[PDB]
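The opening position of the first sequence corresponds to residue 28 in the authors' numbering, with each subsequent residue numbered one higher.
Note that the Cβ used here is the ideal one computed from N, Cα and C, for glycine as well.
What follows is a short report on a single structure.
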Amino acid sequence: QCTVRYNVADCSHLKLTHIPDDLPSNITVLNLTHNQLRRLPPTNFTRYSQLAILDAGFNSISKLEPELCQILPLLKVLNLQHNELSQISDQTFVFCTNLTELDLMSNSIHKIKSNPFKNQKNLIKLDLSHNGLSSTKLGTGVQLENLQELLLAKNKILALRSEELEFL
RNA sequence: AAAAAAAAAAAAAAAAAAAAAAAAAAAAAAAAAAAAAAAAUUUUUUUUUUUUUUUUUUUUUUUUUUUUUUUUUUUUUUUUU
Ligand SMILES: *[C@@H]1O[C@H](CO)[C@@H](O)[C@H](O)[C@H]1NC(C)=O
């Protein structure tokens with residue numbers, strides 16, 4: 028099964044077909060990376076409500092439900108790199124007010140609309156790379172008060188304009 | 001028909017590390033070899049120059065014996081004109 032080993036559920040390559048929810052729920056770090064994940068269940072995380080950070084990356088996940096943000100209010104690191112994520116919106120990030128780290132290395136998010144990060148105030152580093160971005164614009168209002176890293180690499184931005192860079 | 005994410009295999013090529021070895025070249029250390037130049041203990045041989053002993057040839061010198069001719073100093077008994 029998973030490693031556990033003092034609150035670091037580093038679940039390595041074990042061909043886990045479904046997301047497990049075992050007895051050791053009193054942990055803070057859980058690693059779903061390198062595990063067969065069809066999608067993240069919005070209701071299966073009730074058992075593990077003490078996950079300070081989670082590592083669910085490289086997995087094949089279609090879309091993210093808003094419930095995941097409210098089932099785990101104490102969420103700091105959201106590493107979701109190398110996923111499908113055909114389309115995303117602000118609704119899935121409504122309850123993620125304590126988010127501080129995000130990783131998205133391959134998601135093919137060509138178009139971004141509205142303000143997906145209106146509720147993210149403590150989000151420090153941003154990793155939006157290799158997602159086929161055509162413009163660097165993220166919104167029209169002023170948001171992301173405390174941002175230190177904005178990674179936009181391997182994308183297809185053609186030019187930079189003052190209108191699309193005024194959101195910070 | 002096309003494009004991508006977890007999850008398991010296999011094939012060509014390039015650059016690497018470790019281990020078991022095997023050859024070629026180069027360094028010493030030992031056991032020997034063939035020699036052209038070397039030194040040192042013993043017994044012998046040839047040749048040159050010199051020492052000692054013995055036996056003999058030639059020449060020279062001293063002494064003694066004997067023999068033959070000359071200068072001869074004398075004589076006794078006689079002869080002698
Ligand atoms: C949630 O748990 C149920 C019951 O164990 C299971 O049937 C379902 O597949 C799980 N879903 C996810 C997303 O883990």
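Practice task
Keeping to the same chain, check which residues put their C-beta closer than 8 Å to that of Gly159; ignore five residues upstream and five downstream.
Solution key: Taking the first residue of the first sequence as position 1, residue 159 is located at position 132. Answer for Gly159: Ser135, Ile136, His137, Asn182, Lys183, listed in chain order.
Problem - Coil, strand or helix - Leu95 by DSSP - result: Sequence index remark: in the first sequence, residue 95 carries index 68 (1-based). Helix.
Handout entry: Proximity of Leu153 and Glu176 at Cβ, strictly below 8 Å
Key = Here residue 153 is taken as the residue at index 126 of the first sequence, counted from 1. Here residue 176 is taken as the residue at index 149 of the first sequence, counted from 1. Against a cut-off of 8 Å, the Cβ pair of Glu176 and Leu153 comes out as a contact.
Practice task
Tell me where the beta strand (DSSP E) around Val35 begins and ends.
Solution key: Translated into positions along the first sequence, residue 35 becomes position 8. It spans 35 to 37 - the beta strand (DSSP E) in which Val35 sits, taken as one unbroken run.
Problem - Beta bridge counterpart(s) of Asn106 as assigned by DSSP - result: Here residue 106 is taken as the residue at index 79 of the first sequence, counted from 1. Answer by DSSP bridge pairing, in chain order: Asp82, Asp130.
Practice task
Return the residue from the list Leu99, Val104, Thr44, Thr55 that minimises the CA-CA distance to residue 198.
Solution key: It is not possible to answer for residue 198, since the shown part of the chain is limited to 28 through 195.
Problem - Under 8 Å between C-beta atoms of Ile139 and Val104 - result: For this step, residue 139 is matched to residue 112 along the first sequence. For this step, residue 104 is matched to residue 77 along the first sequence. Going by C-beta atoms, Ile139 is not nearer than 8 Å to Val104.
Practice task
Please state if the CB of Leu171 and the CB of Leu150 are separated by a distance shorter than 8 Å.
Solution key: Working through the first sequence from its first residue, we reach residue 150 at position 123. Working through the first sequence from its first residue, we reach residue 171 at position 144. Taking 8 Å as the Cβ cut-off, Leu150 and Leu171 qualify as a contacting pair.
Problem - Distance between beta carbons of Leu107 and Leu131, contact taken as under 8 Å - result: Position 104 of the first sequence, counting from 1, holds the residue named residue 131. Position 80 of the first sequence, counting from 1, holds the residue named residue 107. Contact flag correct, Cβ pair sits at about 6 Å.
Problem - Given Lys164 as reference, the closest of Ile88, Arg66, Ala186, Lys148 once Cα atoms are compared - result: Position 137 of the first sequence, counted from the start, is the residue given in the question as residue 164. Comparing Cα-Cα distances from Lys164 to each of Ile88, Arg66, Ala186, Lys148, the minimum goes to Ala186.
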